[PDB]
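> For reference, the structure I am asking about is given below.
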Amino acid sequence: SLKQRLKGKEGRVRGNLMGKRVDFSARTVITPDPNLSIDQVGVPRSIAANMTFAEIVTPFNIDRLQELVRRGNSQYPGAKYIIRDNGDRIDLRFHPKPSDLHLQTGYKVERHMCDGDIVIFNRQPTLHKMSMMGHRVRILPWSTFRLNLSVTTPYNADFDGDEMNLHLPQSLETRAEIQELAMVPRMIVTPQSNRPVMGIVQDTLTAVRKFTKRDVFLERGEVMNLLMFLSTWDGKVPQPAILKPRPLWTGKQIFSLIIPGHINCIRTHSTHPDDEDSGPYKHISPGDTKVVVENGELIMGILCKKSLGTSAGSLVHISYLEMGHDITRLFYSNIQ
Amino acid sequence: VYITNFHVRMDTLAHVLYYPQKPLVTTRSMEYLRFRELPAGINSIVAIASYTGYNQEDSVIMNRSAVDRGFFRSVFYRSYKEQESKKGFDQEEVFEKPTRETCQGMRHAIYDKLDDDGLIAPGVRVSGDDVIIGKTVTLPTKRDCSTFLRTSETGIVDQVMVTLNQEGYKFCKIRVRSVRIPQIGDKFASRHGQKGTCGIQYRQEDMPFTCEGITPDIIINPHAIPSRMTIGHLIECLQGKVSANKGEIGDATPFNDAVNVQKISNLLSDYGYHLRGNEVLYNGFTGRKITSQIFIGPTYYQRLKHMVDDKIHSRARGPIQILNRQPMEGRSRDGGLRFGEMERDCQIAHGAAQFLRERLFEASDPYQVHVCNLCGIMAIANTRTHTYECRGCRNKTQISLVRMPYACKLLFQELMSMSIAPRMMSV
Amino acid sequence: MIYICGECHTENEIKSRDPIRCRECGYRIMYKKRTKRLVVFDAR
Amino acid sequence: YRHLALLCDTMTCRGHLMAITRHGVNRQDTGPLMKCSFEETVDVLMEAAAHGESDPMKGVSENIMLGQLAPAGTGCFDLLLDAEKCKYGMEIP
Amino acid sequence: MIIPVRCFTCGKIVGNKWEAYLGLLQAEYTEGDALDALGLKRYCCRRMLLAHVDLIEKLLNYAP
Amino acid sequence: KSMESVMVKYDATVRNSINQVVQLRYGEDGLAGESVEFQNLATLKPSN
Amino acid sequence: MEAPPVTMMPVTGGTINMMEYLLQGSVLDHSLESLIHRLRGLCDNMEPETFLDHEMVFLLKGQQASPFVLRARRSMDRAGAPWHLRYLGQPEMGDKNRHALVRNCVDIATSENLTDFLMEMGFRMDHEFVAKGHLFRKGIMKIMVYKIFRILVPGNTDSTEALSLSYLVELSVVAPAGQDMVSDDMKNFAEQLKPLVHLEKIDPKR
Amino acid sequence: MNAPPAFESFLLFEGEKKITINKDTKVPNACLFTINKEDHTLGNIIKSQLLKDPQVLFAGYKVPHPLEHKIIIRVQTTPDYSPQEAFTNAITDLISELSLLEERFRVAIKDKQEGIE
Amino acid sequence: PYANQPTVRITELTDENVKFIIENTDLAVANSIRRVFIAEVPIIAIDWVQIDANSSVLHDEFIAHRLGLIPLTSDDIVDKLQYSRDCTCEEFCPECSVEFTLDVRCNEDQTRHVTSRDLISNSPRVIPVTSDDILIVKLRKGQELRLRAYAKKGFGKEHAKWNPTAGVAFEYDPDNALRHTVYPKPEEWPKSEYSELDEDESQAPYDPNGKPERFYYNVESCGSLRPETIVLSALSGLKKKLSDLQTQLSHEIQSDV
Amino acid sequence: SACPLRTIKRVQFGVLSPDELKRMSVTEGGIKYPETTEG
Amino acid sequence: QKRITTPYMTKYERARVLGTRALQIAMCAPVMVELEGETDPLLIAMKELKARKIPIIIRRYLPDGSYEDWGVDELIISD
Amino acid sequence: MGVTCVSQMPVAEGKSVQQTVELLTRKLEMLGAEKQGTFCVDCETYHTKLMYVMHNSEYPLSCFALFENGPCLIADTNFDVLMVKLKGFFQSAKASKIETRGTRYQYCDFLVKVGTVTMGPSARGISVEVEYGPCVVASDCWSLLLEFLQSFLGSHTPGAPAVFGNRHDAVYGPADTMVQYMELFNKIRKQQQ
Ligand SMILES: [Mg+2]
Ligand SMILES: [Zn+2]
Ligand SMILES: [Zn+2]
Ligand SMILES: [Zn+2]
Ligand SMILES: [Zn+2]
C-alpha cells in the first residue's frame with residue numbers, strides 16, 4: 001500500500017533518500033605499500049578501468065584524448081564513452097570504427113582513471129573525520145588497494161582481510177574540494193586532541209631507535225644508496241663525523257637530512273634516567289636520552305615513539321605547526 | 001581435501017588443494033580425527049624477520065618461485081543447476097539451442113557453444129558473454145529464456161549431469177572448475193592464531209638466502225608475535241627443524257613433559273644450527289649479510305578459503321532498477337557501496353558540501369523535472385513540439401526546471417495520490 | 001549427442017526430446033561427454 | 001575543551017535539560033520534511049497538509065534531501081563574477 | 001595428492017623419489033635412513049617426502 | 001541529530017539552524033583547535 | 001573483471017586526423033556559364049585550373065562485412081603529377097546547426113606503381129569514373145565543379161559517356177580538426193551560390 | 001585475479017626507450033640514467049663499478065617500486081669527468097671482468113674435468 | 001680507475017654440482033652472477049599442453065603443472081632454438097618449440113604408473129632428463145591420458161619451470177672477519193665449512209680496512225644442463241645485458257641533441 | 001530546455017483541490033474500462 | 001558597507017573558488033597569468049590564487065540577511 | 001637516386017657489438033670524413049604473403065612499402081596513418097621490427113653509414129651503406145663503390161649486390177636501396193647464433 005511503501009526503515013524515507021547505493025565507487029582488501037607516499041593509493045587495474053573521470057576536451061588535451069578514444073576499451077590507457085554537446089553519448093564499445101571518431105572542443109571523454117587522480121578512501125566503521133581522507137591514485141598490477149603504513153593508524157586498519165572503500169570525485173568542482181579540504185597531507189593534526197593522528201608506526205620505529213643510536217656508523221657505499229631514497233636532498237653528501245681513521249658517517253647525521261628546514265624540539269627517549277636531569281653530566285647524557293633537535297639537526301639522543309609518533313610535542317607535530325603540510329608529507333615518506 | 005569422493009559430489013562452492021601435506025609437528029591426538037588422511041595445509045620454510053617492509057601489520061611476503069612449483073595451488077569448484085519447468089498450461093521451458101531463426105529475444109552473445117541438447121559440453125572454456133544453458137519457452141514466437149554466467153567464472157566446465165529431479169522434471173548440474181594460484185591479497189594463516197594476507201611476492205633470487213641455499217617461502221613479520229604472545233608458534237618452529245633433520249614427525253602433545261624449550265633446542269644443536277633456531281641469512285638484492293641473524297624454520301601454514309576475487313566489488317554507470325532509479329546489481333558485481341548516514345556525516349564535518357551533493361544526488365539519482373511556477377505541481381513538457389504546459393493552471397509561459405533526486409520525485413508523486421500536494425515553490 | 005551412463009557406463013547417444021533412460025541398466029543419472037573441440041592450457 | 005563545551009551547551013540551551021537520545025530530541029522545532037525524518041513520516045505530513053506548514057528548507061539535512069547544495073561549509077557563500085577584473089585577462093585560448 | 005615434482009624451496013626434483021621412499025621404508029630403513037639414501041640433505045628437500053599423504057592411492061579405489 | 005547544524009556563522013556566533021546563539025564566540029575563545037598547543041603559564045604557580 | 005592489456009607510453013607523439021567538411025549540389029548545363037562567372041568573382045583572383053582526372057575506387061572484401069574503400073585518383077591532364085590515395089570515414093554529422101557533412105580523411109601521394117601494389121595487397125578495383133571540370137578556391141574552401149563521365153570497356157579513357165547533363169558542385173575543406181566554426185564559414189559562402197544553385201548536405205544513403 | 005605476464009619484467013614495450021639520460025637541473029654534472037625493464041641484477045653491478053672510479057663523487061641505484069620495473073642511477077662526477085663518460089666506461093670495464101672470468105673458468109674446468117690429477 | 005682482475009678455482013666437480021671458489025672480485029659482481037645462475041640461464045621445458053582425453057582422477061591442469069616442471073634435456077639445442085618472439089613463429093610451431101606426445105590407456109588390472117619415460121619427443125636430443133622417473137599421474141583400469149605439448153625456450157624470470165639450478169649456495173668471509181654480522185654471543189654459533197679459524201677462537205679478529213673478497217659457490221644442477229654449463233652460460237648472458245645497454249646508451253648519447 | 005534552472009527555496013504542503021486534480025488529468029474524464037487491453 | 005567579516009579568506013572559500021575558476025579554464029575561459037608547460041585546470045588556477053588575480057567576488061551572507069561582498073584581491077591568501 | 005651498396009660486417013674476436021662500430025666509425029673518421037648529422041632506419045613487418053614498410057631518415061617525408069619481389073610504393077608519411085587505421089583489418093606480426101641506427105660520415109661526395117641492426121632492444125650485427133649522389137648511372141659504378149670499400153672496409157667487402165641485377169641503362173632508384181636493406185634485414189633476423 002502507498003502508506004506501506006513510504007513507511008520506515010527501507011522505506012522511501014530512509015532506504016532511498018538519506019543513504020543510497022552510490023556509483024563510481026569500489027571496495028577491496030588493503031595490503032601494505034611502504035614505497036607509496038602517505039597521499040597515494042594503488043587502485044587495481046580492473047577497478048581503475050571500471051571507473052572514469054570526465055575530461056572536457058579542450059585545445060590543450062585534444063591531442064592525447066584522440067589516442068585514448070582510439071585505443072578505448074582495448075587497453076588500460078583508453079576512453080570508454082564520449083559524451084557529446086547535446087548530451088548524447090557515443091559509447092565506444094559499439095562505435096564500429098573507433099579510429100574515425102571526431103572529437104571537438106566542448107565534448108567530454110570518459111578517460112579510464114589513471115595516475116594522478118584524487119579518490120576519497122574510507123574505512124567502513126567510519127567515525128572520526130580521519131575516516132574519509134583523499135589519496136592520489138597510482139595504478140599498480142595486482143588486485144589490492146595498496147596503502148602507506150603511516151595512514152593506517154588514522155584509518156585504524158591492519159592488513160588482515162580488512163576492506164576499504166574508494167569513492168572517485170567525478171567533476172572538477174569536487175576534485176578541488178577533496179584536494180583542498182581533505183587530503184591526507186592536510187589532516188595530520190586532528191582538532192579532538194590537537195595532536196598528529198598519524199605517526200611513524202610498526203618497523204620504522206624499531207629501525208629509528210636503532211639507526212639513531214650512539215653506536216651506528218654507515219660507510220660510503222651505504223650512505224649513497226640510502227641518500228638516493230631521500231626526495232628532499234639538495235644533492236650534497238655531508239661531511240662524515242669520523243674522518244681520518246676512515247670516512248664513517250653517523251646515523252644521526254643522515255637522519256638530520258630527512259628532517260625538514262629548521263625546528264627546535266627537546267623531548268625524552270622511552271628509556272630515561274629518573275635522576276640524570278638533576279645531577280652532573282646533564283647535558284652530556286651518559287645514555288643518549290634527551291633528544292635535542294636544534295636548527296634541524298639532531299644534535300643528540302635516541303628517538304622513541306614519544307619523540308617520533310602520535311603525541312603532543314612529537315617531532316612530527318613541531319613540523320606541522322611551523323613548516324607546513326606538503327613538506328611534512330615528504331619528510332614522513334623519506335623517513336620511512 | 002574435503003572428503004575423498006570430491007569427484008562425484010557436486011556441492012556449490014567446494015575448493016580442493018593441489019598438495020595437502022601432513023604437519024611436521026603433530027599433536028598426538030590429531031590422528032584420531034583423520035588428519036594424516038585429510039590435511040589442510042603445507043609446511044612452509046617460514047622465516048620470522050622484517051625484510052623490505054611489505055611484511056608489516058600481519059602481512060606475509062611470499063616466494064613467486066615456490067607458488068610456481070605448486071605451493072598452495074587450488075581448484076574452486078562451483079556447481080550451477082537449471083531445472084526445466086512445465087508450469088505453464090502452454091508454457092514449456094524445453095531444452096534446446098535457441099536459434100535466431102525461431103526465437104525473438106536471442107540476446108547479444110555467443111550461443112554457439114551450446115550444443116544441440118542445450119547444455120555446454122564438458123571441457124570448453126566458458127567466458128563473459130557466453131550462454132551456458134539454453135531454454136526456449138513457448139508463448140501462445142518462441143522467446144528464448146537462456147542462462148548466462150556472471151562475471152569472471154571463466155572456468156572449464158568439468159561435468160554436466162542430466163537427470164530427473166525429485167519434482168519429476170528434467171534437470172542438469174554443471175561444475176565449472178577454476179584454478180587459483182596464490183596472489184597478493186589471499187589470506188594465509190598459521191595454527192597458532194596469526195592471520196595475514198600477502199603483501200608482495202618476490203622471486204627466489206631477490207630473497208634472503210641461507211648459506212646453503214635455503215630461501216624462505218613466507219616471511220612473517222617479527223612485530224606480530226609480542227603483544228599477542230604466541231610463543232608456541234616459535235617452539236614448533238624449532239621442533240619442526242629438529243624433526244626435519246632427524247626425519248620423524250615430532251610430537252607436540254599439549255603436555256608431553258619431554259618438550260621444555262631447552263630439550264628440543266639441544267637436539268637442534270647437534271645438526272649444527274644455532275641451538276635456538278637462528279641462522280645467518282644474506283640480503284638477496286645486495287648479497288651483504290643481514291647483520292641480525294634471522295630466525296627461520298618449518299611451520300605448518302593453512303590457506304584460508306577467503307580470497308580477494310570473491311571480495312572485490314566495482315561500479316560505474318551500472319545497471320539501475322527502473323522502479324526507484326537507484327543503483328542495483330547485474331553481472332560483474334556492479335552494485336556499488338552505500339553512503340550510509342555515518343559517512344554522510346563525516347562529509348558535513350569536513351565541510352565538503354559539493355561531494356556530499358555529488359555522492360548523494362548526481363551519483364545515484366540525477367533527475368530534472370519541469371515544475372510550474374504559479375503552482376508547484378509538476379508540468380507536462382513536450383520536447384518535440386517544445387511546448388511546456390501546466391494543465392489545470394493554463395500556464396505556458398512559467399514552467400521552471402528544477403533538478404531533484406528521482407527518489408524524491410516519487411515521494412512527491414506518491415504523496416499526491418494520498419492527496420497531500422507539496423508545492424516545490426521556487427520563490 | 002553422446003551421454004555417458006553411471007552404472008553400466010555405456011555411452012548411449014540420445015537425440016533431443018528423448019527420455020534420458022539408459023538401455024540394459026536404468027541409471028537415470030547421465031553425464032555429457034568431453035568436447036570434441038580442443039582447449040590448450042599453458043603449463044604455467 | 002572546545003568540543004566539551006558545545007555538547008554541554010547545546011544540550012542545556014532552550015532552558016530545560018534535554019534528553020538527546022533519539023527519543024529526547026524527537027520532539028523538535030522543524031519543517032515537516034525534517035520531522036518526516038523519524039518514522040512518523042506518513043502521519044506528520046498528512047497533518048502538515050491540513051495545517052499548511054511550509055518547510056523553510058534551511059537545514060543541512062533538509063537541503064541534502066532535495067539535492068541542493070546544503071548550507072554547510074563550501075555551501076554558505078554564493079559566488080559572483082568580476083566585470084572589471086576580466087580586462088587583465090591575457091586572452092590566449 | 002601426488003608427490004610434488006620439485007621441492008618448493010630449492011627446486012630439486014623430489015618427485016621421482018616417492019616410489020623408493022615408500023619402498024626403502026618398507027624394507028626396514030628408518031625415516032632418517034630413506035631420505036639420506038635417496039639424496040635429499042637440505043631440510044626443505046626432506047620435508048616433502050617425510051610429510052606427504054598419498055591420496056591418489058585412495059581416489060583410485062573409486063571405479064571409473 | 002541534536003548537534004546536527006551548529007556552525008560558526010560569519011560573525012563568529014556559533015549558532016544553530018533557527019539562528020539561535022548556542023555559543024557567542026566559538027569555544028569561548030575564537031581559536032579553532034588545531035593550531036593551539038599546551039604551554040606552561042609560568043606565573044600562577046611561583047611563590048610571591 | 002579482466003586485465004585490459006597495459007599498453008605503452010607514447011601518447012602525444014603521432015598525427016592529428018583530417019576531417020573533410022563537404023556540401024554537395026547540382027547545376028544544369030545551360031546555367032553552367034553563369035555559375036562559372038559568379039564563382040570567379042567571389043573566389044580569390046586565380047586563373048581557373050580546368051583539371052581532368054581518372055578515379056578508381058578499391059574495396060577490400062575481408063571477413064568483416066564492411067569493405068574498406070580507398071579512392072585512387074590519377075591526373076591525366078597534369079603530366080608528372082603523383083597518384084593520390086585517400087580514405088573517407090563514415091559521416092560524423094550530428095548538430096543541425098553545423099549544416100555540413102563531416103568525414104575522417106587521410107590524404108597520401110603515391111607512386112605510379114599504385115595499381116599493382118593495391119591488387120597484390122588484395123584490394124579489388126570496383127567502379128571507375130572520369131571527372132572533367134573547373135576548380136576554384138577561396139581561403140581554405142575549395143569549390144570543384146565537374147561533370148562525372150561513366151567509363152565503358154574494361155580498361156581505357158578514350159571513350160566516355162555523360163552520367164548526367166548536370167554537374168555536381170562540391171565545397172570541401174580539409175580542416176586540421178582543431179576548433180570549429182569551419183562549417184559556419186562554409187554555410188555563408190554556400191548561401192551566396194544558393195539562388196544560382198542550392199548547395200546542401202545530401203546524405204550518401206539513397 | 002590480476003596476474004600479469006611475468007616476462008614483462010625484462011620485456012621492453014613498443015613505446016619504451018631503455019635508457020633515458022635525464023640531466024639534473026639542481027646539481028651540475030649530474031645525470032639520471034633510468035634504464036627501464038632491468039632491476040637489481042644490473043643496478044648493483046653498475047653502481048659497484050662507478051664507485052671504484054676515484055673521479056665519481058656520488059653514484060647509486062633506486063628501484064622505485066618493486067612491482068614496477070625500472071632503475072634510476074645518478075653519477076655526479078668531478079668537473080673534468082662526465083657522467084655519460086662514467087656510465088659508458090663502466091659497462092666496458094665490467095665487460096672485461098666478465099670476459100676474464102669466463103675465459104678463466106674454461107681454463108679451470110678442462111684441467112679438472114680431464115682430471116688435473 | 002679501472003677493472004679488477006678476478007680468478008676462479010674449481011674445487012670439486014660432479015655431474016650434478018661444481019663448487020668453484022672465486023677470488024679478487026666485488027661483493028656485487030658475485031651476488032649479480034649468483035642471480036643470473038638462477039634467473040637468466042636459459043633451459044627448454046614444456047609450455048603448451050593440449051589434452052585430448054583425461055579420465056585420470058586429477059583435473060587436466062594438474063597434468064599441466066606436472067608436465068611443465070618436468071626437467072627436459074636442454075643440451076646444446078637451447079643455443080639453436082630462438083625464443084617464440086625471436087622466432088616470429090606466430091606462437092609455438094616446429095623449430096620454435098620441441099613437440100612432446102604421450103599415450104597411456106590402462107587396460108591391465110594393476111594401476112599403471114605413467115612416468116616421464118612415456119613423454120616422447122620428436123627431437124631426439126631433448127628427452128626428459130630422467131630418461132628414476134617423475135610420476136605424471138597414476139591411472140586405474142579403463143582410464144586414458146593422451147596429450148600434445150610443445151616446449152618453448154625459457155629464461156627463469158618468467159616462471160620457475162625454466163630454472164636451471166636448485167640450491168645455488170654462496171658465502172664470503174666464513175669467519176666474520178669484517179664483522180658484517182654481529183654475533184649476539186659468538187660462542188654457540190657453529191663453525192662454517194670453509195673455516196680457517198682455530199677451534200678455540202670463537203670468530204676471527206676485526207680487520208677493518210678489508211672490503212669483502214673470496215666468494216665461495218656450489219651450483220647444484222637439477223639436470224637440464226651439466227653444472228659447468230650453468231656457470232658459463234650465466235657469465236655469457238650477463239655480458240649480453242651489459243653489452244646491450246652500451247649499444248642503447250650510445251645510440252642515445254649521440255642523439256641527446 | 002529553455003525553461004531556466006533554479007533552486008527550490010520553499011516547499012508548501014496543502015491538500016490539493018478536488019477540482020485541480022480534475023483539470024490536470026490527461027485521462028479523459030475518469031478511467032472507465034477495467035481491462036488493460038483487448039486489441 | 002562596514003565590512004565586519006574577517007579579511008582572510010576562509011578555509012572553504014579557497015576550495016569552492018579554486019574549483020569554480022577551474023571549470024572556467026577547462027571550458028576555454030581566458031587565463032589571467034602566464035601558464036608554462038601547464039594544461040591542468042587546477043594547477044593553472046591554483047597558480048592564479050597565488051597571485052591574487054582570479055575573477056570572482058565572494059558574497060558572504062551574514063547571519064541576519066545582508067550580503068557583504070568581499071573580492072578575491074582584498075581577501076588575504078590564508079594558505 | 002645515387003648508386004648505393006649495403007653489407008653486414010661481422011664484429012669478430014670478442015669485440016662487443018658497440019665496440020666494433022666505435023672502432024669502424026673512427027676508421028671512417030680517419031679518412032678525413034666529416035659527420036653530417038644522424039640517420040635512423042626503422043622498419044615494421046606484416047605477415048601479409050609478407051609486407052615490409054621501411055623509412056630512412058635521409059628521406060624526411062617518404063615511407064617505403066615493399067612487397068618482397070613485388071613493387072615498392074614510395075608514399076608520404078600519411079601512409080603510416082592509413083596503415084594504423086586499417087590495423088584492425090590488417091595483420092600485425094609479432095615483434096619482427098628491425099632498426100639500424102648509426103652516424104653518417106661524408107668523405108668528398110660519398111656518404112658512408114655504419115649502423116647496428118639492433119633487433120628490438122638487443123643489438124646484433126652491422127650494416128654499412130656507401131652511396132654516391134653524383135653517380136646517376138648504376139651497375140657499372142660498381143668499380144667505384146668496390147675501390148672505395150677496399151680502401152676502408154678491406155676484408156668482408158661485398159662482391160656487388162643483385163639489386164643491380166641484369167645489366168641495363170636503368171637508373172638506380174630509392175626503391176633499390178630499400179630492397180638491399182630488406183635483404184640485409186631478413187639476413188639479420190634469421191642469421192641467428
Ligand atoms: Mg583486520
Ligand atoms: Zn497554479
Ligand atoms: Zn546403463
Ligand atoms: Zn629443497
Ligand atoms: Zn617454428
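Residue numbering restarts at 1 for every chain of the C-alpha cells, chains are lettered A, B, ... in their displayed order, and ligands are numbered from 1 as they appear.
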Could you give me, as a PDB file with C-alpha atoms, in the first residue's frame, the residues within 6 Å of range 36-53 of chain E, counting only C-alpha atoms and dropping anything in the same chain fewer than 5 positions from it?


ATOM      1  CA  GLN B  21      50.684 -32.172   3.451  1.00  0.00           C
ATOM      2  CA  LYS B  22      50.638 -33.773   6.954  1.00  0.00           C
ATOM      3  CA  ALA B 244      63.094 -32.346   9.610  1.00  0.00           C
TER       4      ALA B 244
ATOM      5  CA  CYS E   7      60.757 -29.180  -3.710  1.00  0.00           C
TER       6      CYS E   7
END

> Grab me every residue within 7 Å of ligand 1, counting only C-alpha atoms and all ligand atoms, and send it over as a ChimeraX atom specification.

/A:157-162

> Those same residues, written as an mmCIF file, in the first residue's frame with C-alpha atoms?


data_model
loop_
_atom_site.group_PDB
_atom_site.id
_atom_site.type_symbol
_atom_site.label_atom_id
_atom_site.label_comp_id
_atom_site.auth_asym_id
_atom_site.auth_seq_id
_atom_site.Cartn_x
_atom_site.Cartn_y
_atom_site.Cartn_z
ATOM 1 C CA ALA A 157 43.276 -0.758 9.749
ATOM 2 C CA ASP A 158 45.681 -3.578 9.889
ATOM 3 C CA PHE A 159 46.011 -5.594 6.713
ATOM 4 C CA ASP A 160 44.374 -8.935 7.673
ATOM 5 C CA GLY A 161 41.448 -9.313 5.280
ATOM 6 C CA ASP A 162 40.338 -5.687 6.053
#

> Would you pick out the contacts of residue 48 in chain B at 10 Å or less, using only C-alpha atoms, so that residues sharing its chain but fewer than 5 positions from it are not included, and give the list as an MDAnalysis selection string?

chainID B and resid 55 60 216 218:225 234 237 278 294:297

> At a cut-off of 7 Å and counting only C-alpha atoms and all ligand atoms, what residues surround ligand 3? Please answer as a PDB file with N, CA and C atoms, in the first residue's frame.


ATOM      1  N   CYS C   5      26.476 -43.285 -19.317  1.00  0.00           N
ATOM      2  CA  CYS C   5      25.668 -43.940 -18.223  1.00  0.00           C
ATOM      3  C   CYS C   5      26.497 -44.029 -16.935  1.00  0.00           C
ATOM      4  N   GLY C   6      25.840 -44.162 -15.779  1.00  0.00           N
ATOM      5  CA  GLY C   6      26.571 -44.181 -14.495  1.00  0.00           C
ATOM      6  C   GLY C   6      26.940 -45.584 -14.041  1.00  0.00           C
ATOM      7  N   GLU C   7      26.030 -46.551 -14.184  1.00  0.00           N
ATOM      8  CA  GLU C   7      26.297 -47.928 -13.680  1.00  0.00           C
ATOM      9  C   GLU C   7      26.977 -48.755 -14.772  1.00  0.00           C
ATOM     10  N   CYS C   8      26.215 -49.169 -15.789  1.00  0.00           N
ATOM     11  CA  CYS C   8      26.777 -49.999 -16.892  1.00  0.00           C
ATOM     12  C   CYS C   8      27.770 -49.162 -17.704  1.00  0.00           C
ATOM     13  N   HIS C   9      27.748 -47.831 -17.552  1.00  0.00           N
ATOM     14  CA  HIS C   9      28.732 -46.927 -18.210  1.00  0.00           C
ATOM     15  C   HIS C   9      28.726 -47.055 -19.736  1.00  0.00           C
ATOM     16  N   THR C  10      27.591 -47.419 -20.336  1.00  0.00           N
ATOM     17  CA  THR C  10      27.532 -47.425 -21.820  1.00  0.00           C
ATOM     18  C   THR C  10      27.291 -45.985 -22.268  1.00  0.00           C
ATOM     19  N   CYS C  22      18.849 -45.031 -19.672  1.00  0.00           N
ATOM     20  CA  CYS C  22      19.875 -45.839 -20.380  1.00  0.00           C
ATOM     21  C   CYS C  22      19.287 -47.219 -20.703  1.00  0.00           C
ATOM     22  N   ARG C  23      19.806 -47.896 -21.731  1.00  0.00           N
ATOM     23  CA  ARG C  23      19.345 -49.271 -22.062  1.00  0.00           C
ATOM     24  C   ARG C  23      20.127 -50.275 -21.210  1.00  0.00           C
ATOM     25  N   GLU C  24      19.663 -51.530 -21.110  1.00  0.00           N
ATOM     26  CA  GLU C  24      20.321 -52.592 -20.285  1.00  0.00           C
ATOM     27  C   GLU C  24      20.135 -52.301 -18.789  1.00  0.00           C
ATOM     28  N   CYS C  25      20.748 -51.239 -18.262  1.00  0.00           N
ATOM     29  CA  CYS C  25      20.516 -50.844 -16.845  1.00  0.00           C
ATOM     30  C   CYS C  25      19.771 -49.506 -16.838  1.00  0.00           C
ATOM     31  N   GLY C  26      18.988 -49.219 -15.793  1.00  0.00           N
ATOM     32  CA  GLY C  26      18.164 -47.993 -15.790  1.00  0.00           C
ATOM     33  C   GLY C  26      18.731 -46.878 -14.927  1.00  0.00           C
ATOM     34  N   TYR C  27      20.042 -46.633 -14.999  1.00  0.00           N
ATOM     35  CA  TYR C  27      20.640 -45.493 -14.253  1.00  0.00           C
ATOM     36  C   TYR C  27      20.159 -44.190 -14.895  1.00  0.00           C
TER      37      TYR C  27
END

> Quick one: pick out all alpha helix (DSSP H) residues within chain K from a backbone DSSP run and write them as a list in words.

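Of chain K, the ones in alpha helix (DSSP H) are residues 13, 14, 15, 16, 17, 18, 19, 20, 21, 22, 23, 24, 25, 26, 41, 42, 43, 44, 45, 46, 47, 48, 49 and 50 of chain K.
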
> Which residues sit within 6 Å of ligand 2, counting only C-alpha atoms and all ligand atoms, listed as a VMD selection string?

chain B and resid 374 to 375 393

> Export N, CA and C atoms of the chosen residues as a short mmCIF file (atom, residue, chain, number, x, y, z; two decimals), in the first residue's frame?


data_model
loop_
_atom_site.label_atom_id
_atom_site.label_comp_id
_atom_site.auth_asym_id
_atom_site.auth_seq_id
_atom_site.Cartn_x
_atom_site.Cartn_y
_atom_site.Cartn_z
N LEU B 374 3.58 29.10 -10.83
CA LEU B 374 2.48 29.67 -10.02
C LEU B 374 2.04 28.62 -9.00
N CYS B 375 1.87 27.38 -9.44
CA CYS B 375 1.54 26.27 -8.51
C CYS B 375 2.78 25.39 -8.57
N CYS B 393 -3.73 24.94 -14.68
CA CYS B 393 -3.41 26.33 -14.29
C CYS B 393 -3.41 27.12 -15.59
#
